[PDB]
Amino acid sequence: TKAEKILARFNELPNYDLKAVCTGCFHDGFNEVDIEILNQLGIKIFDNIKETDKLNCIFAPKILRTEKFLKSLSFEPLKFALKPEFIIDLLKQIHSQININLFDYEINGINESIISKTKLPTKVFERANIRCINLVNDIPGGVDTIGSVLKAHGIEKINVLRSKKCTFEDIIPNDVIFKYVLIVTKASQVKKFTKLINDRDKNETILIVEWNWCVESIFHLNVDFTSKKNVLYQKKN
């Protein structure tokens, strides 16, 4: 009711139609009334991303590598990538007509072309034919967060390998082109993996990459197999 009274001063309220999470901003959240005001203007802020909520918006000061920012590039679709200043200006204007627009707060780097790719009927790793991958347990950020980002972007199976207990038999193939795909952190995990695979499956193909290969692929919503950047080893026909 207290938000309703504040908004009563207005002859007509915009419906911004945003379903958003915030990352790299609003770390302590919003007070009960601001949430109510925002809701009344068709803006719902969620704490976590649930595929259920059909999120369409991300608030962030810039392109970030957080789980949330990367995951927003798998929204279905992402419609708005907005700087926090949008909410700030909007709440400011409201707390004493409403004309804050959705166009003057775009995040540098996230443009029409990238955003529209979130409308594709496939995910980035899905159209790259990277379905089942191996991840070394010493991935910075832990394996659950990385795993969940990758699954959001179309990877079907995330197989965690522990360096350095893992054998060839723990490596899973990429059944959907590369038979083995691995994400590794230390450039000496490469040697061990290429030896194991070369010994047991000599003629098969292998792709070994750093987490930043995944990151850049998500940022572009495209796996560029042409790039050598963040590729630690590849064996193809």
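From 1 onward, residues are counted along the sequence shown.
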Missing from the model but present in the deposited sequence, between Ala187 and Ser188: none
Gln97 preceded by how many uncoordinated deposited residues after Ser96: 4 to 9
104 to 112 versus 147 to 155 - greater average Cα B-factor per the deposited record: 104 to 112
Per the entry, higher mean C-alpha B factor between 136 to 144 and 123 to 131: 136 to 144
Given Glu204, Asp47, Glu67, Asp199, the residue at which the Cα B factor reaches its maximum: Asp47
Candidate set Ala81, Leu73, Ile87, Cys166 [ranked by C-alpha B-factor, highest]: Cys166
For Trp211, the third of its chain into which the C-alpha B factor falls: middle
CA B-factor placement of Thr52, once the chain's modelled residues are sorted into thirds: highest
CA B-factor ranking of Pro61, expressed as a third of its chain: middle
Record-listed C-alpha B factor of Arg9: chain third: highest
Modelled-residue ranking by C-alpha temperature factor, third containing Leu182: lowest
